[PDB]
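Encoded as structure tokens, the following chain is the form deposited in one PDB entry, with no partner shown.
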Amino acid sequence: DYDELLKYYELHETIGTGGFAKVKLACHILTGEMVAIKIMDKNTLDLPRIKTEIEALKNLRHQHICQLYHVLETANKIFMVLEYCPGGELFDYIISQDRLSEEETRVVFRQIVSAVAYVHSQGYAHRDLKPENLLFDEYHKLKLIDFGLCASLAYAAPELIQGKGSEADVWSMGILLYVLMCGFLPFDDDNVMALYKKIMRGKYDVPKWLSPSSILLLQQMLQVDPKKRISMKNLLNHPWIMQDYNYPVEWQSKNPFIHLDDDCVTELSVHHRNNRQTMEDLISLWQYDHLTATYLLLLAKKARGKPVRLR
């Protein structure tokens, strides 16, 4: 139940619902930082989905991946405390704009490619890429979410639906690119089997406002045969991707966990009136408990150019 969570967080409103989970806005008491808490019920659960996401996020640390802070499991519930992104979903952003210019699309799309390339570099495929799974953070940069399916029909690759992961992610990014520049899906139908057929055929409308280079890139990402599909490697430095930037997508993590931050370690030891070495030792266990949560939220203060202070 909520007694364990309420020790550390003030709970606010529900900001999202899923089939088996909800996400609530909350504030971390010790740091005053806003967070987003994904809440699951262990009775009405699937559960492998939760464990999959948790394991992935413990191993992924990247400027375009929504950060995990804290995992709490009670008798009845599982709580995942995640980064709060105050800019909302990419999908809702596209609808409000109708569609994005090629220029703004490229700004956003390069961030998606950065995240997904990194995910692949760490040995995973996301498998559920869609604009509902991309959020805008405090600096209006994109953060990828929902790793429950890592190793929706409108975004699934032909070979994935066929049951015949890396290439499947490229296809989904092709659908995303189309939606960004067009404001609607390339394959859509009320009838699910009719949608399946359309995806298998691979034919789609090419709107009048797409540039020849955009058209070519969509063609290369939306190849029905995954062997003919552009590879992640060649996506990183694609001429469309390079335009106006003149350097390939920077996919490597810019915020990896190397050494513990001295300033964060000191603030925790001072606040808790604890032996510094004991504090450094307990943080290093990386249990994703309240200690880890407080440590990581202090690091976020620092990344924001703010002082590392508690209470």
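Residues carry their position along the shown sequence, with the first being 1. We call the rigid core the largest set of C-alpha positions that still match within 1.5 Å between the two forms.
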- prompt: Among the other PDB entries compared that flank it on both sides, is residue 164 unmodelled in a third or more?
  reply: yes
query: Relative to the other PDB entries of this protein in the set, is residue 16 coordinate-less in at least a third?
result: no
- request: Answer with none, 1 to 3, 4 to 9, or 10 or more: how many deposited residues between residue 151 and residue 152 are not present in the coordinates.
  value: 10 or more
message: How big is the unmodelled gap, if any, between residue 140 and residue 141 relative to the deposited sequence? Choose none, 1 to 3, 4 to 9, or 10 or more.
response: none
- prompt: When the C-alpha temperature factors are averaged for each of 25 to 33 and 252 to 260, which stretch ends up with the higher value in the entry?
  reply: 252 to 260
- request: Would you mind comparing 141 to 149 and 173 to 181 for me and telling me which has the higher average C-alpha temperature factor in the entry?
  value: 141 to 149
message: Looking at the C-alpha B-factor values in the deposited entry, which of 120, 208, 164, 127 comes out highest?
response: 164
statement: Here the Cα B-factor of residue 64, set against its chain, lands in the third termed lowest
query: Would the CA B-factor of residue 106 place it in the lowest, middle or highest third of its chain?
result: lowest
query: Is the Cα B-factor recorded for residue 190 in the lowest, middle or highest third of its chain?
result: highest
- request: Would you check the entry's CA temperature factor for residue 159 and let me know if it's in the chain's lowest, middle or highest third?
  value: highest
field: Chain-relative CA temperature factor third for residue 116
entry: lowest
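Not on display, but discussed next: the form deposited in another entry.
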query: So which residue among 213, 121, 74, 219 shifts its CA at least 2 Å between the shown form and the other one once the core is superposed?
result: 74
message: Does residue 243 move appreciably between the shown form and the other one, meaning a CA displacement of 2 Å or more on the superposed rigid core?
response: no
Core-aligned CA displacement of residue 63 at least 2 Å between the shown form and the other one: no
query: After the core is matched up, is the C-alpha of residue 253 off by 2 Å or more between the shown form and the other one?
result: no
